[PDB]
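# Observations on the model geometry
Okay, here's what each chain looks like letter by letter:
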There are 2 protein chains.
Amino acid sequence: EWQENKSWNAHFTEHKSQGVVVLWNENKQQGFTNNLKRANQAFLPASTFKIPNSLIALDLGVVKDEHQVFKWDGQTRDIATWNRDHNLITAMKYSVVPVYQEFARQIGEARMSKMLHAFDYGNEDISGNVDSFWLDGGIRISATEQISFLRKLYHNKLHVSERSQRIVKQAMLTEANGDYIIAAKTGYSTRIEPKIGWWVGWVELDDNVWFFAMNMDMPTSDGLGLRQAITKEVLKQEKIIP
Amino acid sequence: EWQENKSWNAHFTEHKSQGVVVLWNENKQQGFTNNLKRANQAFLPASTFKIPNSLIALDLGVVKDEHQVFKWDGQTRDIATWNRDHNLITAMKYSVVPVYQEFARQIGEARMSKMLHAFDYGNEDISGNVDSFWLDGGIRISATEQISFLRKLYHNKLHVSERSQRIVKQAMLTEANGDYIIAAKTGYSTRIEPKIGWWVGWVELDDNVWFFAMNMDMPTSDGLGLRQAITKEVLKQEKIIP
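Residues numbered from 1 in each chain as written, not as in the entry; some residues may be left out. Chains lettered and ligands numbered in written order. Heavy atoms only, no water. Residues with missing side-chain atoms left out of burial classes, pairs and counts.

### Observations concerning the interface of chain A and chain B
For interface size, the figure often reported is the accessible area lost on association. In this complex, chain A contributes 22 residues to the contact, which on the side of chain B involves 22 residues. For the pairing of chain A and chain B, the buried interface totals around 1,800 Å² over both sides, and the portion due to carbon and sulfur atoms is 42%. Counting across the chain A and chain B interface gives seven salt bridges. Residue B:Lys93 pairs with A:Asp206 through a salt bridge whose shortest N-O separation is 3.2 Å. Counting every contact that joins chain A to chain B gives 11 residue pairs in polar contact. (Contact = heavy atoms within 4.5 Å. Buried area = accessible area lost by both parts, 1.4 Å probe. Salt bridge = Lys/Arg side-chain N within 4 Å of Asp/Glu carboxyl O. Polar contact = N/O pair within 3.5 Å; in protein donor to acceptor, adjacent residues only side chain to side chain.)

### Some details on the packing of aromatic side chains
Residues and elements named next belong to chain A. Summed over the entire model, instances satisfying the criterion amount to 29 aromatic pairs over all chains. Geometrically, the ring pair formed by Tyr154 and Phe211 is edge-to-face, given 5.2 Å between the ring centres and 75 degrees between the ring planes. Note that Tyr154 is positioned in helix α8 (residues 143-154) and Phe211 in strand β7 (residues 209-217), a separation of 57 residues in sequence. On the accessibility criterion, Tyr154 (8% relative accessible area) is buried. Geometrically, the ring pair formed by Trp202 and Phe211 is edge-to-face, given 5.6 Å between the ring centres and 65 degrees between the ring planes. Residue classification places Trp202 among the buried residues on the basis of a relative accessible area of 2%. Aromatic rings pair up to connect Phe49, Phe119, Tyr121, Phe133, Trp134 and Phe149 into one cluster. The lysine or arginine in question, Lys169, covers the ring of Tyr154, its NZ or CZ lying 5.9 Å from the ring centre. (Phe/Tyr/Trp six-rings, centres within 6.5 Å; stacked < 30°, edge-to-face > 60°. Helix = DSSP H or I, 4+ residues; strand = E, 2+ residues; numbered from the N terminus. Buried < 20%, exposed > 50% of the residue type's maximum accessible area, 1.4 Å probe, protein only. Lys NZ or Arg CZ within 6 Å of the ring centre and 35° of its normal.)

### Here we look at the relation of the copies chain A and chain B
Mapping between the two copies of the chain is achieved by a rotation about an axis and a shift along the axis. Overlaying chain A on chain B yields an RMSD of 0.2 Å, the required transformation being a rotation through 180 degrees with an accompanying axial translation of 0.1 Å. Interpreted geometrically, this transformation is the action of a two-fold axis. Within chain A, the C-alpha atom positioned nearest to the axis of rotation is that of A:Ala176, 2.3 Å from it. Comparing contact sets, 100% of the residues at the interface of chain A also lie at the interface in chain B, consistent with an isologous, same-surface contact. (Least-squares fit on C-alpha atoms.)

### Thoughts on the pairing of strand β6 (residues 173-176) of chain B
Residue and element names in this part refer to chain B. The pairing of β6 with strand β7 (residues 181-189) spans three bridges and is antiparallel. Of the residues in β7, the one forming a bridge with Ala176 is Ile181. Connecting β6 to the next strand, β7, in antiparallel fashion are four residues. (Pairing = 2+ DSSP bridges.)

### Details of unusual backbone geometry
Excluding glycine, most residues fall at negative phi; most peptide bonds, likewise, are trans. For the bond from A:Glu193 to A:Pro194, the omega torsion is 0 degrees, close enough to zero to count as cis. Structurally, A:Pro194 is set in the loop between β5 (181-189) and β6 (196-204). The residue B:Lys239 is not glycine, and still its phi comes out positive at about 55 degrees. Tracing the backbone through its elements, the reader meets B:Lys239 in the segment after α10 (226-237).

Given below as structure tokens:
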């Protein structure tokens, strides 16, 4: 149905920010957002592309399972958590780009494009570098197109093995307590303007699930925590979480 | 190697309790506990049997997936969360017995028996009723045997489809944040003495996983929260969690 709820802008305003939060009630099959336009505008997926990247790597055997280790290449990078060994779990937790760049190289241009056509993922355009097109290439995806994709993943309906889809949905685990579960992926697009931060995924409850996809103008890494803060505030406002 | 650590007993003392906490460091392959004896004593698994029960139900088609709904039977029981509809996820969260009793009935005595031999689960004895043997029957399992079973489950090495094992491990999810993930199942044996409470599962960390299995004497429902409290105290003491 897609309903606008401009009251949420106050959460962006209070932090001198601009963005969009898109919610989809799976049960009632209804959508909500503070900005219907920006909800369908396509941006670089940045590290949220690690979801489909993992799916393709797993389905193609590039990655055996989620426990396979990827030795650090010894190149000390300016993010402390990247200078370690990683599996698919932690590689996604810490948005460890160089690991997913090795994935994309082995996947290749033909298989990557062929699988994103099947996934019906964003504009399906991998133009650019095989190992960086989601950071500075031609791939583009909207917040609504993220939710549409996330619903396919949630229900194990993508053109990859169900196993691939269950492994990734495990790796997307972010937060859980007696009230809710959040499986999601953070992103930060910085190589091409406008710089934006991402958070996409869903909130699982006892009796329902709420898919969400938000992005916000993000000129500095200092405000990245607002991706979750603003999102959680909207969830409280809608009484989806305490 | 298995080393004893009776210092943890102080966490039982301060709460007027007696019990055992058994830990297994997967990476270093080392075990720790405050009481090797009680760590090898076999008790009724109670609702912790919902783990092997789910695996068997899923593998035999009794349960299609984790989203399939199981209508309330209308029999109003004295636990409010039982008097509603449930899927495999919520049924396990709330230890919804009548749902898993229906699972066991459709599974049957013969298949249930064959699968617990495959799982190598406890004394493998279903003597009694197929729909209550884990509450008042002949099945018995120790805290170490729990860990041994949980280790096989974690690595997808039980004699059932990997799919079942990935679904159940999703259902075991209890608590997760940026520091750790806990997948576990609570239990409460009350129909046969000694009354005890259970907590079994594992703490997943960036660089390790710690399998744990605890039981404690539980004469009253007032102390059930100590299953997690006492366990978490031992986890803090070993710097496994903050």
